[PDB]
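Next up is one chain by itself, shown in C-alpha cells, the form deposited in one PDB entry.
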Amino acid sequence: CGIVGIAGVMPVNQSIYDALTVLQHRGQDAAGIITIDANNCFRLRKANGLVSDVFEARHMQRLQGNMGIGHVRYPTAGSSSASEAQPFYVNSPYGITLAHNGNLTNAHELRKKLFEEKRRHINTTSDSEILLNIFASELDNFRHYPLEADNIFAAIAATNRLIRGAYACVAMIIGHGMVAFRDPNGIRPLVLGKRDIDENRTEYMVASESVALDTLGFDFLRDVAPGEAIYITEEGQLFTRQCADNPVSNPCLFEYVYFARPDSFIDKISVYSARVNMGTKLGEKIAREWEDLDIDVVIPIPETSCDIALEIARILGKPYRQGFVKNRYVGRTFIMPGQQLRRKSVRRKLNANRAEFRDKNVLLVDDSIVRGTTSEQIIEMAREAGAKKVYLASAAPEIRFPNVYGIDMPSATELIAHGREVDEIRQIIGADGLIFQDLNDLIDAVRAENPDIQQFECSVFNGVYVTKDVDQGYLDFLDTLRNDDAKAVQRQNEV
C-alpha cells in the first residue's frame, strides 16, 4: 500500500492525486483521498480501481481544502478487493482519519479490547480501522480543548504500546492538523519533505516513497525515524517526537528487492543502487558456483530485474539481451456463456523475442520466486522460443515464510520453497539449473548504501519475526481471513 499526506497553504486535491499516481505501483486495487475543507469537515472519495479511474472531475470538486491524505491499496489479508478501501474516519473524538501501510499482528486481540472496554465497533476486517480506533480511543482521554501537541504525541505513544506489527501512518484530526508516525522497528517506509512558499509559509508532506515528494517539487527532509511521530498544525508549525521505547531501524528488505520504485531513497539507501549491488553479488556467486556451465546470454524477466541482470552479465562477461518484453497493458479474460475457458496464462503478461533464445543456453534473472507457477511458465516460454538449457537465478533468497508486515503473500503451504531444497524446486519448475541470492549477500548489497542499518526485516527469508508475536496459531487466524476474503470477492462475481 502507499500513503501520502499534504499539510499545505493552498488546495491539495490535485497534488495528492498526483502523488498517488507516482505511488500507484504500491497498490492498484483501490484508492482514497480525504481532505479537510474550510468548514472543518472531511471530504472523501474512495473506490476500487486505479487512481486515474477512481477520481473524476466531480470528486475533485468535492475534495476542497488545504490539508489531506491519500491511500493506494494493495489487497492484503483482511483488506480484500471486495472490502471497503482506505482512508477510514471516525467522528469522535473531534473527527479523525487515518491511512496506513502495514499490518497489525494483534488485530484480533485489539478488536476484542476495543469492544469490551470502549464499546467501539469495527465494521470491516481492515486492521487500518482497528488502528484508527485505538488512536481515537487514546485521544478520547483528554477533556480540555484544543489538544496540545503533547496530548497527541502521548496518544501515539499509548497506541504504540498497545498495537504490534508494522506500520507507516498518516492521519488528520479536525481542528488540529496532520500527524504521521512509523512503527518502532522502522519496518514500513515513510519520508518527510517541505515546500517553501514564502518567508512565513512552508508546506509539509509525508509519503511512503521519496518519489512522491520529487514529483511535486517538495524538498526531501528525511525519513521519519523508527517510532517517531510528526505533527503539523493547521497553521503550519512542525512538531516531532519519539513515541516508542527502544526504537530501532529494521527496514523491510522486500522494498529494495522489488516493491519500491528504483528512484526512491529509503532510509538513505538508493533502491536503484541496492538492486545493482544485488546483481553484483549474484553475478559473483554465479561465477564461482556455475563456472562450469555453458551460458550464452543473460536475459531479465522485466521490469524489476533489468538492471540486476545487466550487472550479472557484466560480472560474467556475457551478453545481456532483452529476450522478454512485458506487455505494458493487460486485459481481463471474460467469462462468456460456454466458449473457451483459457485462463491462467503467462503470455498475457510476457512475450518472448524468439531470436534471442534460438539454440542458446539462457540464464534468466527474476527478482523472486514465490509460488513457482509463474517461473515454470516462463521457463517453458523460453524453451518454446528455442532455448537449449534454461537457467534461473533469483535476486531474492528462497521465500519460505509469510510476510505479516504488509507485503501480501500466500500462506506457507503455497510457497514452493517451503519444505523444499533448491534442487527439488528446480525440478518442479523445470529448470536445468536454479540459484538463489544468499541472504547475507542480499543484506550486504543493501547495507553497502547505508552501513548504519545493522539488521533488516528478513522474515520471509529466515522466519525471524522481529515483533516476536508470530506463531503457527496466529498464522491460522490469517488463513480464516484469507478464507473470508475470497468468499467476498467470489460473491461479487456472481453479480
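Position 1 is the first residue in the sequence shown; the rest follow in order. Residues that one form lacks are left out of the comparison. Here the rigid core means the biggest group of C-alpha atoms that line up within 1.5 Å when the two forms are laid on top of each other.
For the segment pair 142-150 and 242-250, the entry gives 142-150 the higher mean B-factor, averaged over Cα atoms. In this entry, the higher average B-factor at the C-alpha atoms falls on 486-494, of the pair 486-494 and 3-11.
Out of 255, 421, 109, 183, the entry records its largest CA B-factor for 421.
Of the candidates 236, 189, 279, 331, the one whose C-alpha carries the top B factor in the deposited record is 331.
Annotation for residue 49: CA B-factor lies in the lowest third of the chain's modelled residues. Among all modelled residues in this chain, the alpha-carbon of residue 447 has a temperature factor (C-alpha) in the highest third. For residue 456, the recorded CA temperature factor ranks within the highest third of the chain's modelled residues.
When the CA B factors of the chain's modelled residues are split into thirds, the value for residue 59 lands in the middle one. Among the modelled residues of its chain, residue 201 has a C-alpha B-factor that falls in the highest third according to the deposited record.
The following text describes the form deposited in another entry, which does not appear among the structures shown.
Once the two forms are fitted on their rigid core, between this form and the one not shown the CA displacement reaches 2 Å or more only for 342 among 354, 112, 342, 201. Core-superposed comparison between this form and the one not shown: the CA of residue 81 exceeds or equals a 2 Å shift. With a cut-off of 2 Å and the rigid core superposed, residue 25 has a Cα displacement that falls short of the cut-off between this form and the one not shown.
Comparing the forms between this form and the one not shown on their rigid core, the Cα displacement of residue 144 stays under 2 Å. An increase of at least 3 Å in the separation of the C-alpha atoms of residue 167 and residue 485 is found in that other deposited form, compared with the displayed form. The pair residue 487 and residue 167 is tighter in that other deposited form: their Cα-Cα distance falls by no less than 3 Å compared with this form. Once the rigid core is aligned, the segments that move between this form and the one not shown, defined as three or more consecutive common residues whose C-alpha shifts all reach 2 Å, run 79-84, 330-347, 479-492.
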